[PDB]
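> First, the structure itself, so that you have it in front of you.
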Amino acid sequence: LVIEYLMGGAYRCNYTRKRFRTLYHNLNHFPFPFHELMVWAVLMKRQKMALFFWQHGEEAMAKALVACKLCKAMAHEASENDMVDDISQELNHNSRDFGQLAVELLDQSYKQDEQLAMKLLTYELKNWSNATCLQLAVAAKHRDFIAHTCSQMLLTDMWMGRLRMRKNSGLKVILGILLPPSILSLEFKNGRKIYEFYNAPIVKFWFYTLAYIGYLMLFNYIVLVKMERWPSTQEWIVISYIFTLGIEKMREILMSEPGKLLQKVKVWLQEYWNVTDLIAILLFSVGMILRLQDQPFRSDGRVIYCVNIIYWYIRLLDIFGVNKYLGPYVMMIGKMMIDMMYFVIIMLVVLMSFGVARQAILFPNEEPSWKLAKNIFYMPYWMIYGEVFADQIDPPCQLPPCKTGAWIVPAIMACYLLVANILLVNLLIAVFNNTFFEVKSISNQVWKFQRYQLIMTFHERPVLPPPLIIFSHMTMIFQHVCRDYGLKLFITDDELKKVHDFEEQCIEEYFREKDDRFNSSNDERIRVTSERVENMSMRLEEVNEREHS
Amino acid sequence: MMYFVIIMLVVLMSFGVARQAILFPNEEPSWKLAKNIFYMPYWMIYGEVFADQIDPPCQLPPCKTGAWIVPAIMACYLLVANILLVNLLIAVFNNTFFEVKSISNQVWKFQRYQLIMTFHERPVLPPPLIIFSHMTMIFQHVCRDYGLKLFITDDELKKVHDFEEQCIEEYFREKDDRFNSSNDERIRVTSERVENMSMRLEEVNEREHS
Ligand SMILES: CCCCCCCC(=O)OC[C@H](COP(=O)(O)O[C@@H]1[C@H](O)[C@H](O)[C@@H](OP(=O)(O)O)[C@H](OP(=O)(O)O)[C@H]1O)OC(=O)CCCCCCC
Ligand SMILES: COCC(CCO[C@H]1CC[C@@]2(C)C(=CC[C@H]3[C@@H]4C[C@@H]5O[C@]6(CC[C@@H](C)CO6)[C@@H](C)[C@@H]5[C@@]4(C)CC[C@@H]32)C1)COC
Ligand SMILES: COCC(CCO[C@H]1CC[C@@]2(C)C(=CC[C@H]3[C@@H]4C[C@@H]5O[C@]6(CC[C@@H](C)CO6)[C@@H](C)[C@@H]5[C@@]4(C)CC[C@@H]32)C1)COC
Ligand code: NA
């Protein structure tokens with residue numbers, strides 16, 4: 001029970017199975033003893049014993065990943081119940097050590113044989129609640145494991161589905177999705193070719209992208225062109241798209257992993273795209289409600305549409321995030337935005353000061369009105385972006401008399417422009433420049449980690465795009481009254497034994513290489529030479545002092 | 001720059017569509033709507049931010065519904081395009097300059113050979129007068145001392161061969177002498193000799209006879 005609580009919601013340890021429950025309720029040996037000994041050493045926080053038990057037996061990498069997850073969960077539980085706060089550091093160090101061991105073992109296995117390395121990451125683990133190494137590594141939030149070359153190659157092979165399209169893809173997928181006769185000219189891995197072509201994640205992604213582009217074009221057409229009292233066909237298509245997308249979001253929030261409905265919404269509202277999509281759908285619904293009414297309400301609904309189109313235009317960054325070079329740039333923008341806000345507060349302060357000074361100096365006969373609130377922000381803000389217009393600030397003053405102190409406005413403006421356009425923007429450039437390498441590397445690692453989540457969330461979605469997704473939901477109603485690949489890879493006993501022997505060979509070679517590399521370092525050689533020289537000097541002094549003559 | 005201009009184009013299209021749809025709600029479907037999105041939002045960021053043609057000052061025609069959103073959308077758009085993306089592009093150009101410079105220098109030095117060789121074959125007359133050279137090639141149609149190679153006699157060839165043998169011998173000797181004087185090799189040899197000496201001394205001490 002405590003193992004199942006530590007691991008996750010979907011995990012099911014062998015102890016709580018009904019076979020072991022019936023075998024224990026009337027109170028035999030274990031097939032793999034070192035699994036239970038390793039779990040015992042991990043739970044009771046005995047690091048040396050756990051490291052000794054790790055290198056004996058089979059399924060070494062799965063054991064390392066399970067140990068890393070258990071240590072991370074134990075550290076999280078320890079730094080919650082007001083503990084001594086030093087147990088958490090030791091548990092985190094143990095988790096990091098186990099993760100590093102898993103990464104090094106994967107590196108050795110990939111270096112020795114590539115196909116067997118990819119084989120080792122996919123086969124179903126019978127002793128570990130029917131999970132793969134990828135699922136354990138993802139559930140442990142191990143960014144250095146997914147970002148490895150072998151994991152990325154495996155993710156690419158799962159993303160491409162049964163097709164190959166190795167040298168040049170993308171265009172062929174679009175041709176297939178637009179020209180169904182062109183499907184037959186594509187090679188497949190070892191009537192049925194249509195089903196295997198359309199069930200790949202990548203063709204689902206391109207179908208969804210084409211549907212989104214079409215919906216966006218319809219939205220642009222319906223907001224650009226004059227609208228009548230009742231909606232046109234393009235507006236009906238847009239409304240249908242929004243409604244079906246909302247239905248799909250509800251279906252996703254209902255079929256989530258947690259069993260509690262209140263827990264499902266709380267875990268769904270974690271990504272910012274989900275909450276922003278919910279807000280946008282509610283806003284579009286409000287605008288559509290106000291649209292089908294009299295003239296002022298219709299105008300307000302149209303303005304709601306024109307505001308809402310901005311978000312759906314921005315949401316193209318999610319589509320762009322698939323590309324290898326347009327995802328890290330988006331994340332880099334996401335962090336530099338926080339830096340920009342921190343540096344824009346000061347610009348706002350200086351702008352407010354200059355605007356209030358100029359407005360107070362120039363116009364001393366203004367009644368209290370809200371126009372004074374915009375005369376401060378408007379023109380001092382457009383000034384710095386390339387609209388420095390004389391005679392609009394410090395006007396020439398047949399000629400009306402000059403206001404008292406009107407000569408000070410250009411003196412203030414010169415210093416304001418010098419501060420805003422030469423000091424703060426250059427300092428912001430320096431800040432963006434000197435904090436780019438860390439942000440780039442972190443963004444690359446995070447994107448390579450989230451590739452797995454993208455692949456799974458496209459492998460789970462129905463094959464039809466959101467404008468046609470209603471037909472797929474009707475099918476799910478018919479199936480309501482009624483994984484060979486994509487996640488795992490089942491095998492026989494002989495292939496399992498071959499994989500086990502390969503893994504034992506890999507771990508043995510890894511330990512032997514580590515020992516041979518440690519024993520040949522300069523520091524070890526110097527230490528051993530010093531000790532032997534000291535002992536030899538003592539022996540030689542004893543020999544010289546003790547002679548028969 | 002193209003990889004970074006895709007995003008600028010997305011944001012520009014968004015702002016242009018929003019402003020054009022807000023301001024003018026009585027436009028027939030015409031191709032003029034296709035350029036009203038790209039034209040002015042593109043000239044705005046290069047120094048045409050004129051504050052009288054984005055939010056018109058409106059004897060006075062009535063104010064269009066929601067015409068106060070255009071300045072806010074434009075302020076956010078200018079802040080994104082002129083402060084965030086261009087500075088990030090500057091950072092990208094700055095932090096990927098050394099590798100590009102070194103690779104370009106190496107590639108130019110390599111292509112110098114092709115540049116030199118392609119002028120050693122072209123006819124001496126320039127393209128406006130190259131017709132005369134082609135006529136000459138017609139006359140020569142019915143009919144490399146230097147520039148590429150350098151033919152030499154047997155004694156010069158033997159001198160070059162002896163020089164090359166001396167060079168390769170000196171190279172191998174220098175490589176071996178440099179390897180044998182490294183710190184790692186000295187430490188390894190000293191450790192092995194110390195181990196053997198310790199074993200020998202223990203065997204000598206165990207070989208007492210009195
Ligand atoms: C208007 C905006 C619409 C949304 C924009 C569409 C969204 C968008 O911009 O990216 C989508 C698409 C995703 O496909 P993705 O990148 O995953 O697939 C790549 C493709 O297979 C390349 O041929 C591979 O070689 P290369 O390394 O590249 O040399 C590349 O490397 P590898 O993994 O096989 O080793 C593959 O990653 O990215 C494109 O490649 C553009 C293909 C042409 C797309 C044509 C678009 C019409
Ligand atoms: C001059 O008078 C023209 C008239 C013929 C009228 O035909 C119209 C048919 C719709 C059409 C082609 C027209 C104007 C706006 C056009 C929109 C601009 C939008 O821009 C795009 C811009 C970029 C896209 C990313 C978004 O959408 C289109 C969805 C959109 C777009 C191309 C939809 C198509 C619209 C012309 C002459 O006949 C006698
Ligand atoms: C159009 O005619 C208006 C009239 C109602 C008149 O009420 C007035 C009450 C004072 C009030 C709210 C008004 C105009 C200037 C307003 C100032 C602008 C300043 O800005 C702020 C700007 C930002 C702050 C950081 C600094 O101060 C305020 C201290 C300041 C401020 C909000 C104080 C409040 C002033 C309107 C209509 O009657 C139906
Ligand atoms: Na300028």
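How things are named: the first chain in the structure tokens is A, the next is B, and so on; residues count from 1 in each chain; ligands count from 1 in the order shown.
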Taking a cut-off of 9 Å and counting only C-alpha atoms and all ligand atoms, can you build a table that, for each residue of chain A near ligand 4, reports the nearest atom pair and how far apart they are in Å (one decimal), sorted by chain then residue number, as CSV?

```
residue,atom,partner,partner_atom_place_in_ligand_line,distance
A:384,CA,ligand 4,1 (Na),8.5
A:385,CA,ligand 4,1 (Na),6.5
A:386,CA,ligand 4,1 (Na),4.8
A:387,CA,ligand 4,1 (Na),8.4
```
> Those same residues - N, CA and C atoms - I'd like them written as a short mmCIF file (atom, residue, chain, number, x, y, z; two decimals), in the first residue's frame.

```
data_model
loop_
_atom_site.label_atom_id
_atom_site.label_comp_id
_atom_site.auth_asym_id
_atom_site.auth_seq_id
_atom_site.Cartn_x
_atom_site.Cartn_y
_atom_site.Cartn_z
N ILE A 384 8.35 57.85 -27.48
CA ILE A 384 9.59 57.07 -27.48
C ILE A 384 9.65 56.06 -28.62
N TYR A 385 8.53 55.76 -29.27
CA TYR A 385 8.52 54.77 -30.34
C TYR A 385 8.73 55.38 -31.72
N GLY A 386 9.05 56.66 -31.80
CA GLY A 386 9.33 57.27 -33.09
C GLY A 386 8.30 58.28 -33.54
N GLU A 387 7.74 59.03 -32.60
CA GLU A 387 6.81 60.10 -32.92
C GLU A 387 7.13 61.35 -32.12
#
```
> Residues of chain A within 6 Å of chain B, counting only C-alpha atoms - could you list those as number ranges by chain?
A: 223-226, 306, 310, 313, 386, 429, 433, 529, 536
> Could you take the residues named above and write them with N, CA and C atoms, as a compact mmCIF listing (two decimals), in the first residue's frame?

```
# COMPACT_ATOMS: atom_id res chain seq x y z
N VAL A 223 -15.18 38.36 -39.20
CA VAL A 223 -15.01 39.63 -38.50
C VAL A 223 -14.61 40.77 -39.43
N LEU A 224 -13.99 40.48 -40.57
CA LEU A 224 -13.60 41.54 -41.49
C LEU A 224 -14.79 42.10 -42.26
N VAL A 225 -15.69 41.23 -42.70
CA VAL A 225 -16.80 41.60 -43.57
C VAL A 225 -18.00 42.01 -42.72
N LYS A 226 -18.77 42.96 -43.25
CA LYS A 226 -19.98 43.43 -42.58
C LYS A 226 -20.95 42.29 -42.32
N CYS A 306 -14.08 40.68 -32.21
CA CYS A 306 -12.84 41.30 -32.68
C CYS A 306 -11.76 41.27 -31.61
N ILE A 310 -7.88 37.81 -31.46
CA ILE A 310 -6.47 37.97 -31.12
C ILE A 310 -5.93 36.72 -30.44
N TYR A 313 -5.48 33.90 -32.88
CA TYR A 313 -4.29 34.14 -33.68
C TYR A 313 -3.02 33.80 -32.91
N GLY A 386 9.05 56.66 -31.80
CA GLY A 386 9.33 57.27 -33.09
C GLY A 386 8.30 58.28 -33.54
N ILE A 429 18.85 45.32 -23.33
CA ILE A 429 19.58 44.54 -24.32
C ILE A 429 20.71 43.77 -23.66
N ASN A 433 21.16 39.77 -23.33
CA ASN A 433 22.36 39.20 -23.93
C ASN A 433 23.11 38.31 -22.95
N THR A 529 51.52 5.49 -5.32
CA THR A 529 52.97 5.63 -5.35
C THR A 529 53.49 6.21 -4.05
N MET A 536 58.14 1.45 1.55
CA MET A 536 59.45 1.00 1.10
C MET A 536 60.57 1.72 1.84
```
> Within 7 Å of region 282-288 of chain A, counting only C-alpha atoms, which residues qualify if same-chain residues fewer than 6 places away don't, as a list in words?
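The filter keeps residues 301, 304, 305 and 308 of chain A.
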> Enumerate as a ChimeraX atom specification the residues within 9 Å of ligand 1, counting only C-alpha atoms and all ligand atoms.
/A:152-153,156,159-160,165-171,174,202,205-206,209-210,212-213,316-326 /B:6,10
> Could you give me the residues within 8 Å of ligand 3, counting only C-alpha atoms and all ligand atoms, as a list in words?
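Answer in the requested format: residues 352, 368, 369, 370, 371, 372, 373 and 376 of chain A.
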> Write the residues of the preceding selection, restricted to N, CA, C and O atoms, as a short mmCIF file (atom, residue, chain, number, x, y, z; two decimals), in the first residue's frame.

```cif
data_model
loop_
_atom_site.label_atom_id
_atom_site.label_comp_id
_atom_site.auth_asym_id
_atom_site.auth_seq_id
_atom_site.Cartn_x
_atom_site.Cartn_y
_atom_site.Cartn_z
N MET A 352 5.32 58.42 -16.50
CA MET A 352 4.29 59.11 -15.73
C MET A 352 4.80 60.45 -15.22
O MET A 352 4.09 61.45 -15.28
N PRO A 368 -11.48 69.25 -13.61
CA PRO A 368 -11.27 67.83 -13.32
C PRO A 368 -12.10 66.93 -14.22
O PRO A 368 -13.33 66.88 -14.10
N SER A 369 -11.43 66.22 -15.13
CA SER A 369 -12.11 65.34 -16.07
C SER A 369 -11.19 64.17 -16.38
O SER A 369 -9.97 64.27 -16.23
N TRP A 370 -11.78 63.07 -16.82
CA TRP A 370 -11.01 61.86 -17.09
C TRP A 370 -10.06 62.01 -18.27
O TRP A 370 -9.20 61.14 -18.46
N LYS A 371 -10.20 63.07 -19.06
CA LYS A 371 -9.25 63.31 -20.15
C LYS A 371 -7.85 63.56 -19.62
O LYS A 371 -6.86 63.28 -20.31
N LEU A 372 -7.73 64.07 -18.39
CA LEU A 372 -6.42 64.26 -17.78
C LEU A 372 -5.73 62.94 -17.49
O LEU A 372 -4.50 62.91 -17.37
N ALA A 373 -6.48 61.84 -17.36
CA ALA A 373 -5.88 60.55 -17.07
C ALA A 373 -5.19 59.95 -18.29
O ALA A 373 -4.23 59.19 -18.15
N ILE A 376 -1.60 61.86 -19.83
CA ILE A 376 -0.32 61.52 -19.22
C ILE A 376 0.32 60.32 -19.91
O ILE A 376 1.53 60.31 -20.15
#
```
> Give me, as a Markdown table, each residue of chain A that comes within 6 Å of ligand 2, together with its shortest interatomic pair and the distance in Å at one decimal, counting only C-alpha atoms and all ligand atoms, with rows ordered by chain and rising residue number.

```
| residue | atom | partner | partner_atom_place_in_ligand_line | distance |
| --- | --- | --- | --- | --- |
| A:217 | CA | ligand 2 | 29 (C) | 3.7 |
| A:218 | CA | ligand 2 | 29 (C) | 5.7 |
| A:220 | CA | ligand 2 | 27 (O) | 5.3 |
| A:221 | CA | ligand 2 | 29 (C) | 5.0 |
```
> Can you work out the spacing between CA of residue 122 (chain A) and CA of residue 489 (chain A) in Å, to one decimal?
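Between these atoms lies a distance of 5.4 Å.
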> Any idea what's packed within 9 Å of region 245-257 of chain A, counting only C-alpha atoms, ignoring anything in its chain fewer than 6 positions away? Could you give it as a ChimeraX atom specification?
/A:9-10,264-265,267-268,274,277-278,281,466-467,469-470,473
> Pull N, CA and C atoms from the residues just selected and write them as an mmCIF file, in the first residue's frame.

```cif
data_model
loop_
_atom_site.group_PDB
_atom_site.id
_atom_site.type_symbol
_atom_site.label_atom_id
_atom_site.label_comp_id
_atom_site.auth_asym_id
_atom_site.auth_seq_id
_atom_site.Cartn_x
_atom_site.Cartn_y
_atom_site.Cartn_z
ATOM 1 N N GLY A 9 -0.849 7.137 -9.090
ATOM 2 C CA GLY A 9 -2.225 6.675 -9.134
ATOM 3 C C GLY A 9 -2.391 5.352 -9.856
ATOM 4 N N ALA A 10 -1.719 5.191 -10.993
ATOM 5 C CA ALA A 10 -1.916 4.018 -11.833
ATOM 6 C C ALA A 10 -1.088 2.817 -11.403
ATOM 7 N N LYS A 264 -10.129 15.880 -10.955
ATOM 8 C CA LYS A 264 -9.836 15.902 -12.385
ATOM 9 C C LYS A 264 -9.782 17.326 -12.924
ATOM 10 N N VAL A 265 -10.687 18.194 -12.473
ATOM 11 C CA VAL A 265 -10.663 19.579 -12.934
ATOM 12 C C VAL A 265 -9.434 20.300 -12.391
ATOM 13 N N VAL A 267 -6.510 18.986 -11.696
ATOM 14 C CA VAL A 267 -5.320 18.541 -12.412
ATOM 15 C C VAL A 267 -5.370 18.909 -13.891
ATOM 16 N N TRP A 268 -6.557 19.169 -14.441
ATOM 17 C CA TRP A 268 -6.636 19.654 -15.813
ATOM 18 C C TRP A 268 -6.280 21.131 -15.901
ATOM 19 N N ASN A 274 -4.867 25.373 -21.144
ATOM 20 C CA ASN A 274 -6.211 24.888 -20.837
ATOM 21 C C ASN A 274 -7.077 25.984 -20.223
ATOM 22 N N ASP A 277 -7.815 28.656 -22.798
ATOM 23 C CA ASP A 277 -8.825 28.174 -23.734
ATOM 24 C C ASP A 277 -10.214 28.212 -23.116
ATOM 25 N N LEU A 278 -10.330 27.834 -21.841
ATOM 26 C CA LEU A 278 -11.624 27.906 -21.168
ATOM 27 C C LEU A 278 -12.139 29.339 -21.114
ATOM 28 N N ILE A 281 -13.253 30.422 -24.636
ATOM 29 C CA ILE A 281 -14.515 29.815 -25.049
ATOM 30 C C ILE A 281 -15.686 30.471 -24.329
ATOM 31 N N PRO A 466 -11.690 18.842 -34.862
ATOM 32 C CA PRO A 466 -12.778 19.406 -34.036
ATOM 33 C C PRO A 466 -14.034 19.776 -34.813
ATOM 34 N N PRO A 467 -13.957 20.345 -36.027
ATOM 35 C CA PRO A 467 -15.217 20.616 -36.746
ATOM 36 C C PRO A 467 -16.000 19.363 -37.086
ATOM 37 N N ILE A 469 -15.488 16.478 -35.132
ATOM 38 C CA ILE A 469 -15.310 15.612 -33.972
ATOM 39 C C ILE A 469 -16.626 15.133 -33.382
ATOM 40 N N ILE A 470 -17.752 15.720 -33.793
ATOM 41 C CA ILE A 470 -19.044 15.284 -33.274
ATOM 42 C C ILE A 470 -19.350 13.857 -33.715
ATOM 43 N N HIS A 473 -17.585 11.493 -31.386
ATOM 44 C CA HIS A 473 -18.258 11.395 -30.096
ATOM 45 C C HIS A 473 -19.523 10.553 -30.185
#
```
> Got a sec: who's within 12 Å of residue 59 (chain A), counting only C-alpha atoms, leaving out chain neighbours fewer than 2 positions off, as a ChimeraX atom specification?
/A:32,34-35,38,53-57,61-66,102,105,120-121,123-128,132-133,496-497,499-507
> What does the distance from CA of residue 52 (chain B) to CA of residue 374 (chain A) come to in Å, to one decimal?
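Computed distance, CA of residue 52 (chain B) to CA of residue 374 (chain A), equals 15.2 Å.
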> Near region 107-111 of chain A, within 7 Å and counting only C-alpha atoms, which residues show up once chain neighbours fewer than 6 positions away are dropped, as JSON, numbers by chain?
{"A": [117, 150, 506, 510]}
